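Single chain ahead, written as structure tokens, the form deposited without the DNA.
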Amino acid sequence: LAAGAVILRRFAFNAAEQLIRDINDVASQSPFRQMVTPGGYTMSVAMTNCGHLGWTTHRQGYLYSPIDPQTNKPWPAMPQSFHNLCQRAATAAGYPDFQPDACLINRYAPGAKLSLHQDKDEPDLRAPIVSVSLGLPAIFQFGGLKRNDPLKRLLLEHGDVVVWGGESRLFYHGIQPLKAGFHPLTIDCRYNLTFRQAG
């Protein structure tokens, strides 16, 4: 399916309410914002981060920064719920040493999407990324190592966690425009957490 990826469906289902509380807490400090791409377009996905580092635009490029450029303060500390869930998932998937210092939190309103990309900016690409999906379902599309590799699609639903290791860590991937709907925990949106070793 995706070589090296370990899909754990509903792994975060029981933790989801706490996770969402923690997302709200994080956002009360560093608010969700829609970043501007180099190229000048406003992303449809809104973002924030927690942990020592967080992903952001700066100076018409992207990077991991210890300071949130919007507040000029550090990103909020990584919530225990986040840290512990990530560790359980990574450990089950065979990455017991994974120690994320960054968690990017993506929020999707109806229609929001994430264009096909690789995550290339972490210092060691042997370290996995761990995603946790919450709320409304989204169609995840994924390629291969080359931009033009044939795309496959799978639905990511509430509570689904995936550890993207091995070859899959390098795949081009994205999220297709979110279908509108209702979810009891998130109301009208989807959240996705991605845990990274950025330092």
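In case it trips you up, residue 1 is the first one in the sequence shown, and so on.
Below: the form deposited with the DNA bound, not depicted.
- Although the partner is absent from this view, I67 stays clear of the DNA in the entry with it bound, with no non-hydrogen atom inside 4.5 angstroms.
- The closest non-hydrogen atom of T37 lies within 4.5 Å of the DNA in the entry with it bound.
- The shortest heavy atom separation between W55 and the DNA in the entry with it bound is within 4.5 Å.
- For the chain shown alone, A102 is not a contact residue for the DNA in the entry with it bound, no non-hydrogen atom being within 4.5 angstroms.
- Contact here is defined as any heavy atom lying within 4.5 Å of the DNA in the entry with it bound, and by that definition each of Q60, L114 and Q118 is a contact residue.
- The candidate stretches are 24-32, 130-138, 44-52, 160-168, and the one lying within 4.5 Å of the DNA in the entry with it bound by heavy atoms is 44-52.
- Shown without its partner, the chain has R196 as the single residue in segment 175-199 with a non-hydrogen atom within 4.5 angstroms of the DNA in the entry with it bound.
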